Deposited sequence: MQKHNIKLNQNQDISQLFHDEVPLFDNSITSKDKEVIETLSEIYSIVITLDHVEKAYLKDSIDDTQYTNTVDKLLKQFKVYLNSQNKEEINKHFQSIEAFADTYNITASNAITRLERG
């Protein structure tokens, strides 16, 4: 746990890389998959905000969403047949 002296600056003395062998090959695969699902969630929020802002038509809307909605389904499987939760665990 935590320890005194307000020198908590010590706990963050040197930089930390993104990955460091503590993370296995499969560990990364999950991280990526989660990163993609997250990008699709953000994208779908903007696409719907564009439609409801008449920035795009039913065409563009249905297409773009339908596609993303599909890519998301794949990534939703690369989480089942691949693996608290993953992220919170991998972050240690």
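Unmodelled regions (deposited sequence positions with no C-alpha coordinates, counted from 1) are 1 to 6, 90 to 108, 118.
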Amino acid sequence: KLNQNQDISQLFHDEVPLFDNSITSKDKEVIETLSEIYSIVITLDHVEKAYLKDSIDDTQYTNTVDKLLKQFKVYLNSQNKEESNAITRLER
From here on, numbers count along this sequence of modelled residues.
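Stretches 30 to 38 and 58 to 66 differ in mean CA B factor, with 58 to 66 having the higher one. 71 to 79 and 11 to 19 differ in mean CA B-factor, and the higher of the two is recorded for 71 to 79.
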